[PDB]
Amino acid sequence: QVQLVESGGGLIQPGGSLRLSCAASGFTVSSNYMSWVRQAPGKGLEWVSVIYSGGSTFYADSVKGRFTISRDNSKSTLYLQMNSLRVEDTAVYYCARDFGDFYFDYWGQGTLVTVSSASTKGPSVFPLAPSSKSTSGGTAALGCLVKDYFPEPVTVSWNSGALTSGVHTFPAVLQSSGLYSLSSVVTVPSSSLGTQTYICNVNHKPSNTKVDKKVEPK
């Protein structure tokens, strides 16, 4: 079994510094090629840097002179020091095990690095009212509007995870104001409006924000 657990991502100002970590299990890091591969949101994959088993390092031109890849045998961890960060560097960074500088067989879960001058803002949660007279599929609908937050991501649950059938949480869209908005809607029986209580659980870890909004008919 191979596990790669990543850490260190977040929101950092342009020109700032940030260090990513990658805990490795199932192999010895000092005896394997390892690489960092980044994927811009909505875009393809891009190889960043590689560290050889013998200690040699190589970096892509777009990050050379700014990124430094290192390893710690005693902690079995792979590191990437990202200094002089640019807005274009905003991407999900993957920690992958490299097979002789050829291909990546095992990948980490990936950590999101956002390089923007914008300040972190908590989300405002507003109810989408389920009018009982408005049925379009034999069912009524309701949801929560997660608006004006930065940076990504935002996770939305319903009834603390107890309600998962009929749940649709849309991808975040970037508004012209630079702040993200997100809608999560569920489809519920029109009869259960009076009896059942539906509560959405919005969690914004970048802002340490949690909201349990009760959506009710009006």
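Residue numbers here begin at 1 and follow the sequence given.
In the other compared entries of this protein that model both flanking residues, residue 163 lacks coordinates in at least a third of them.
Checked against the other entries of this protein, residue 138 counts as unresolved in at least one third of those spanning it. As recorded in the PDB entry, 130 to 138 is the stretch of 112 to 120 and 130 to 138 with the greater mean C-alpha temperature factor. Per the PDB record, of the two stretches 172 to 180 and 189 to 197, 189 to 197 carries the greater mean B-factor over its C-alpha atoms. Sort the modelled residues of the chain by CA B factor and residue 86 lands in the middle third.
In this PDB entry, the Cα temperature factor of residue 21 sits in the middle third of its chain's modelled residues. Remark: residue 208 belongs to the highest third of its chain, ranked by C-alpha B-factor as recorded.
Per the PDB record, residue ranking by Cα B-factor puts residue 60 in the middle third of the chain. Residue 71 sits in the middle third of its chain by CA B factor, as recorded in the PDB entry.
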